[PDB]
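Student: Before I ask anything, let me first share the structure, which is written out below as structure tokens.
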Number of protein chains: 2
Amino acid sequence: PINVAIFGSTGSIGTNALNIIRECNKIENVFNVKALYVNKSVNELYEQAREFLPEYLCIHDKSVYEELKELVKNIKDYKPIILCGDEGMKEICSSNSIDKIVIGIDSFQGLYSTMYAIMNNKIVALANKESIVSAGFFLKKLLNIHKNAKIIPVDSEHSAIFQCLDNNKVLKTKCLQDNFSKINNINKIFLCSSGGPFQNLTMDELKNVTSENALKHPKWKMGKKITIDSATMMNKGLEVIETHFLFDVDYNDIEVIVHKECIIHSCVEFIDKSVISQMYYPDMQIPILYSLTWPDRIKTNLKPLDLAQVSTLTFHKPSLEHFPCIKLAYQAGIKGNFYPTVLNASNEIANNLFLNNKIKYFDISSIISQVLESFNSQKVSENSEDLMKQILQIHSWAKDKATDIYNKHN
Amino acid sequence: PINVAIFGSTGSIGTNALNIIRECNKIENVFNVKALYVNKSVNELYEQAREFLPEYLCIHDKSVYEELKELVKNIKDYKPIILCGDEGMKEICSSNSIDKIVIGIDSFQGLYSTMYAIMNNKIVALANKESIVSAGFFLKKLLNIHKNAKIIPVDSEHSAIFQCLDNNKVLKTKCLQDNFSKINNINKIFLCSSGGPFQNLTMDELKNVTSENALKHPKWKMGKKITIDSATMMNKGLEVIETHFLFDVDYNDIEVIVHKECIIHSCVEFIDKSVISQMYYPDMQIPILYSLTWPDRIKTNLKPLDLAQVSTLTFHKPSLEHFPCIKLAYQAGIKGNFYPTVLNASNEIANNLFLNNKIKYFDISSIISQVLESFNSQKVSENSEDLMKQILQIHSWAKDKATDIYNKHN
Ligand SMILES: NC(=O)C1=CN([C@@H]2O[C@H](COP(=O)(O)OP(=O)(O)OC[C@H]3O[C@@H](n4cnc5c(N)ncnc54)[C@H](OP(=O)(O)O)[C@@H]3O)[C@@H](O)[C@H]2O)C=CC1
Ligand SMILES: NC(=O)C1=CN([C@@H]2O[C@H](COP(=O)(O)OP(=O)(O)OC[C@H]3O[C@@H](n4cnc5c(N)ncnc54)[C@H](OP(=O)(O)O)[C@@H]3O)[C@@H](O)[C@H]2O)C=CC1
Ligand SMILES: CC(=O)N(O)CCCP(=O)(O)O
Ligand SMILES: CC(=O)N(O)CCCP(=O)(O)O
Ligand SMILES: [Ca+2]
Ligand SMILES: [Ca+2]
Ligand SMILES: [Mg+2]
Ligand SMILES: [Mg+2]
């Protein structure tokens, strides 16, 4: 049995992970849910702990500890180790009876657990794209030091790419490793997007969109932050940088394509021009399960894709005028250095401002752009503890800069 | 370098093979054309000889053997082994100078060179599907005896399938082995078809279509035999049986789908319900090239797939009332034994009868259907040599039968 920890178990990714683990555990003890880790949702965590009876339970916010302890006492035959904060997360990460960790923690915050998972040589099923975008160079360093650690992508497009490749060649390398794409004969990546709710809007219509419209994603049910990133296509911007770091593909060889049916999840063009693509309904259970079974597959009872019923697949190029967040992500990635860190940080601020009705659609890219323009290149630290400190200070600088730019105007 | 023999070098498959070989060699010299083998086309063979200067030349037809040597004398500083008929073919197959053999000979005839290529432990890049359909279980026997021999599918849909797999799983087995689909975690195959030129016709219009209309394929430029088969969709019926043998996929697990754009060449559904497809423009150079480079890929200067430009892909189920040959192949395949031999043989006659305007569209399936019911399941010989003789005898019986049914009605 594979022993799995679910980090951010009460969110969209974490719930999907538990869902598919349940379906796969019908007869055989394929997975063992050893640990659940959330921020604040004690009631929801208690419902999950009742079903999965994990050895470890961790709550980031220490103020709900008593509430957790009190709810858990009602479950009989159950004495879990109940842990708290960063300490509790580090304990679970260092446990010998944990093989694989699903990071479904949102935002920059997800980097702490990713880093600690890697330092303890775990398999990391990483949904959290922010840690890769803002700290790609650093995780590469870490994976170099902790050679048994692996990042297996959960982000649906990156899972799709991973699946399209030949495992005979993927097994001779590692995500984030130099020459990944050369070993895998990758010529270019088609990054597929639903295009989000705003894909058919004119410029003047875009000017007026609000967060409530933005939260109605046509194809994926997700947490609020990634849903807002999908409306602006900053999500796809972030995924361009994620592609570059994970798979070592040049920015000029990453193409964003709007595929509104969201059946094809991304495509790989190899050096002979043959293209391989991965297809399924829009359902995170596949990419989540694959990260946990790779390099094997296991049987599921998920609904089989009916191509005849689907009937039509369409593709077009996205408009960079309507979705300038994509342009900004390419620019930050191409500039290199800590610009992706600045991108991600200033987007976290602008995303949250827009979610809370404090700025308009085009102010998001305007704030991000200004912060990027403000930032001065810094020499990258050679050693890892200092590079991590550098990353934290720049991220934190960029959030405060975005807030100041916001406060100057509105 | 890779030493290649091309069998049927003057046909559609053969001509595209030499083309991709030549083009790829302009980038980096990796292929060497060691042998060319044709039926009757002395002049076209001579023109090809002058370009590629192969070590071996062979012509199947004894009566133009002298004409060939006479033409080949005109070439400066060139002294090749010029061979003749079945013996010349066997000679080339047994040459240690030859690594891989492209079989682009049409019809049942392609079986002879396929079997000698296997007996000599070569990589067989097999385009000819009639040999798999009428002799599948015998080729399977032969590959269990000659353990270093490999069939690498060139037929475009089967190459598509093969390209979608992980080669660390493929290398644990090989094409045409039992359990291939279980080792590769295959659940279902989607076999994509252009639909041919009659895809939109009524039953009434189909009744009166002529071979001239059938030869205008909307997507693939190919030889006459397979083009006629694509019009009736018998090609896809033969391809269902070919899928079953190459990949050990159950007949109830193979789905034919009409994809009129011919961008997606086929799809593989794995046991987790994830689906992987190979995509390219309708161009046989890709599947041919891959058969010669597997398990690697090489750079080409082929036009890159522009998904935005392609814009729409469509998928629907074929009508078995309009294309009854599809039904017949499933029925023959499910029956097993020598029924596929009979299906292939009687189609060879009906196809040719239709090509030459002697019968009407629905007479094709009418004839094949009557030959099939006339056949009786026969005990399968357990030594390879007697099984082969059985196959020839049954194939030959089926052709005489089909001819005799035609003669009755005419
Ligand atoms: N949802 C999706 O389909 C996809 C998500 N992703 C990525 O996955 C990540 C998570 O996304 P999603 O599931 O949608 O987000 P959600 O908002 O649904 O869930 C976030 C989860 O993380 C937990 N969490 C937040 N902070 C902490 C913390 N400090 N310590 C421990 N746990 C914490 C939350 O706990 P609590 O409930 O207590 O607040 C919650 O369980 C994001 O980075 C996103 O980009 C990527 C592709 C698709
Ligand atoms: N064409 C295509 O794109 C595809 C073809 N296939 C399969 O590939 C095979 C070949 O098809 P295609 O190229 O279209 O056929 P063609 O009709 O274009 O050419 C057939 C070739 O085989 C040669 N030939 C015939 N008999 C013999 C023999 N006795 N000994 C040596 N050579 C012989 C012919 O020589 P000669 O010129 O002297 O007559 C010719 O070169 C078929 O089985 C077909 O089903 C499968 C998928 C796609
Ligand atoms: C499922 C997934 O991995 N996402 O990143 C959300 C995709 C949203 P869009 O398809 O880019 O709008
Ligand atoms: C290229 C190929 O492999 N063929 O078998 C001919 C295709 C015929 P259709 O696509 O089924 O009409
Ligand atoms: Ca409290
Ligand atoms: Ca794969
Ligand atoms: Mg994604
Ligand atoms: Mg074919």
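Note that the numbers count up from 1, one per residue, in the order the chain is shown.
When the header is checked for method, it gives X-ray crystallography, 2.2 Å.
For all residues, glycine too, the Cβ spot is worked out from N, Cα and C.
Heads up, here are the entries from Swiss-Prot:
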| type | residues | note |
| --- | --- | --- |
| BINDING | B:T10, B:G11, B:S12, B:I13, B:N39, B:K40, B:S41, B:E130, B:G223 | NADP(+) binding site |
| BINDING | B:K129, B:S156, B:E157, B:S194, B:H217, B:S230, B:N235, B:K236, B:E239 | 1-deoxy-D-xylulose 5-phosphate binding site |
| BINDING | B:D155, B:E157, B:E239 | Mn(2+) binding site |
| BINDING | B:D155, B:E157, B:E239 | Mg(2+) binding site |
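Can you walk me through where each of these features ends up in the structure?
Tutor: On its own chain, B:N39 (NADP(+) binding site) has B:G8, B:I59, B:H60, B:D61, B:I105 as residues at least 6 apart in sequence with a Cβ closer than 8 Å to its own Cβ.
Following the DSSP three-state reduction, the secondary structure of B:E239 (1-deoxy-D-xylulose 5-phosphate binding site) is helix.
The Cβ of B:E157 (1-deoxy-D-xylulose 5-phosphate binding site) has 27 neighbouring Cβ atoms from other residues within 10 Å, across all protein chains displayed.
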Student: CB neighbours of B:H217 (1-deoxy-D-xylulose 5-phosphate binding site) within 10 A?
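Tutor: B:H217 (1-deoxy-D-xylulose 5-phosphate binding site): 17 neighbouring Cβ atoms within 10 Å.
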Student: Between the binding-site residues B:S12, B:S41, B:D155, which lies closest to B:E239 (1-deoxy-D-xylulose 5-phosphate binding site), Cα to Cα?
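Tutor: Closest candidate to B:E239 (1-deoxy-D-xylulose 5-phosphate binding site), judged by Cα separation, is B:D155.
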Student: Hey, what's the Cβ neighbour count for B:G223 (NADP(+) binding site) at 10 Å?
Tutor: 16
Student: Measure from the Cα of B:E157 (1-deoxy-D-xylulose 5-phosphate binding site) to the Cα of every one of the binding-site residues B:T10, B:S12, B:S41, then give the nearest.
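Tutor: Comparing Cα positions, the candidate nearest B:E157 (1-deoxy-D-xylulose 5-phosphate binding site) turns out to be B:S12.
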Student: How big is the Cα-to-Cα gap, in Å, between B:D155 (Mn(2+) binding site) and B:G223 (NADP(+) binding site)?
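Tutor: Here the two Cα atoms are 14 Å apart.
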Student: So, in DSSP terms, is B:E157 (1-deoxy-D-xylulose 5-phosphate binding site) helix, strand, or coil?
Tutor: helix
Student: Please report the number of other Cβ atoms within 10 Å of the Cβ of B:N235 (1-deoxy-D-xylulose 5-phosphate binding site).
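Tutor: Step by step: centre on the Cβ of B:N235 (1-deoxy-D-xylulose 5-phosphate binding site), count other Cβ atoms within 10 Å, giving 27.
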Student: Considering all pairs of residues in B:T10, B:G11, B:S12, B:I13, B:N39, B:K40, B:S41, B:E130, B:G223, annotated in the record as contacting NADP(+), what is the maximal C-alpha distance expressed in whole angstrom?
Tutor: 22
Student: Using only the Cα atoms of B:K129, B:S156, B:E157, B:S194, B:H217, B:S230, B:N235, B:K236, B:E239, which the record gives as binding 1-deoxy-D-xylulose 5-phosphate, return the largest interatomic distance in Å, rounded to a whole number.
Tutor: 19
